[PDB]
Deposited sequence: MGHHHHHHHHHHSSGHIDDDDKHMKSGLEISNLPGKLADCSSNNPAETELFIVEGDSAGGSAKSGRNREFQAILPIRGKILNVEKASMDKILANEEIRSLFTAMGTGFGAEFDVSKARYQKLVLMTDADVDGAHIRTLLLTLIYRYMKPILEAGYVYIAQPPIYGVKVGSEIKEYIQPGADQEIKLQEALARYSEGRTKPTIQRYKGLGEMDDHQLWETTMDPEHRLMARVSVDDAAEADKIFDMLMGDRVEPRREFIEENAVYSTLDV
């Protein structure tokens, strides 16, 4: 088996607790809300095949942002750097570092928000990744949890439950992103007023 040998320069982000493997068909990358969950993930993850990337705060909604703002933001930049895929006119899916990208947002509502933003980013600027079926979402039973709990409940493949993100139709998808995330407020308010049970 081929493994890393330390020593390497790599030039990967200052965060990112990378794994000890080099096989982009066994390794995983957990996107994590803050270093509060970052520590728990990093210290109890089987550091042979599981990497941890802390995204800080609410990631930029690309639908409501200029491309000049997108290419400027360093969080998305760090994510793309961690994937080593490339941006837009350089996006090579057959040159990724992880074929299993787990979205491990917090279990609160703001976590759902971050998950949403991340999904927009992934569908709008990492589309082949979702198309190839690399994007997974963790389904917990995070900073308020121990190492052993985090692992034994959510990260151990022998006892964890995960979801593969698979698109149905690209039309309905694009429309949904254009509604929930697009700058158009009124249709979104209509959606929330017609599809919410208080």
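Stretches with no C-alpha atoms in the model, relative to the deposited sequence starting at 1: Several stretches lack coordinates - namely 1 to 21, 163 to 207, 265 to 269, in sequence order.
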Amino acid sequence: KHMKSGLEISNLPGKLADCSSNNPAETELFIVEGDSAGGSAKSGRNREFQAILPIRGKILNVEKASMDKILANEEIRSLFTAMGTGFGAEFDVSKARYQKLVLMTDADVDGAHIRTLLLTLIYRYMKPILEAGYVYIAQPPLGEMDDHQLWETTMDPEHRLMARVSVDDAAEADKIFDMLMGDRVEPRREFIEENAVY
From here on, numbers count along this sequence of modelled residues.
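Stretch exceeding the other in mean C-alpha B-factor - 51 to 59, 169 to 177: According to the entry, 169 to 177 carries the higher average C-alpha B-factor.
Record-listed C-alpha B factor of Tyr125: chain third: Middle third of the chain for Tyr125's C-alpha B-factor.
Chain third (lowest, middle, highest) by recorded CA B-factor, residue given as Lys64: Middle third, going by the recorded CA B-factors of the chain.
Relative C-alpha B-factor of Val32, binned into the chain's lowest, middle or highest third: Its C-alpha B-factor belongs to the lowest third of this chain's values.
CA B-factor ranking of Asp18, expressed as a third of its chain: Bottom third by C-alpha B-factor.
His159 - which third its CA temperature factor falls in, relative to the rest of the chain: According to the entry, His159 has a C-alpha B-factor in the chain's highest third.
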